[PDB]
Amino acid sequence: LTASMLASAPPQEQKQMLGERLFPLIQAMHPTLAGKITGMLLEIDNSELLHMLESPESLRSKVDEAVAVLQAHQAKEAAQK
Amino acid sequence: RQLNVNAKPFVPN
Ligand SMILES: [Zn+2]
């Protein structure tokens, strides 16, 4: 995936393009929550999403962050809701 | 660094 291929497509479809490259990696880390985490991350700068696709420590760091918030939220909706 | 927990899940293709 190149930045050129990305400008070639429109917004909505650029995330789809990026998600395809991101999914397999995020999946390896979390097979079950993969879909969701990916979805959550796709609302970030493509320029930075492009960076994460080249930096594992960065991708992982972002993934763990998403995992934490995701669980804290759900747990919240559990105690009260 | 702010994330949306209600973001629509992505699906492979
Ligand atoms: Zn919440």
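The basis for the numbers below is simple: all heavy atoms, side chains too, and nothing from hydrogens, waters or symmetry mates. Numbered from 1 within each chain, the chains take letters A, B, ... in sequence-line order.
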**Student:** Checking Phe10(B) against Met40(A) for the side-chain contact (heavy atoms from CB on, under 4.5 Å) test, could you report, in this order, the C-alpha distance in whole Å, the side-chain angles of both residues, the deciding distance, and whether it holds?
**Tutor:** CA-CA 8 Å; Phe10(B) 168 80; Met40(A) 290 175 61; over 6 Å; no
**Student:** In the structure I gave you, are the side-chain heavy atoms of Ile37(A) and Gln27(A) within less than 4.5 Å of one another anywhere?
**Tutor:**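 No, every pair of side-chain atoms sits at 4.5 Å or beyond.
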**Student:** With no hydrogens and no angle check, is any side-chain donor or acceptor of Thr38(A) less than 3.5 Å from a backbone partner on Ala34(A)?
**Tutor:**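 Between the backbone of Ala34(A) and the side chain of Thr38(A) there is a qualifying donor-acceptor contact (under 3.5 Å).
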**Student:** Could you walk me through whether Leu18(A) and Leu41(A) pass the side-chain contact (heavy atoms from CB on, under 4.5 Å) test, one step at a time?
**Tutor:** CA-CA 10 Å; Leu18(A) 256 36; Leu41(A) 299 191; over 6 Å; no
**Student:** Only heavy atoms, only distances under 4.5 angstrom. Which residues in residues 70-81 of chain A are near chain B?
**Tutor:**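 Near chain B, by residue number: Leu70(A), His73(A).
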**Student:** With heavy-atom distances below 4.5 Å as the criterion, would you say the side chains of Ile44(A) and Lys62(A) are in contact?
**Tutor:**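 Sidechains of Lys62(A) and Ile44(A): in contact.
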**Student:** Without swapping roles, check the side chain of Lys36(A) against the backbone of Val5(B) for a donor-acceptor pair under 3.5 Å.
**Tutor:**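 Side chain of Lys36(A) to backbone of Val5(B): a pair is present.
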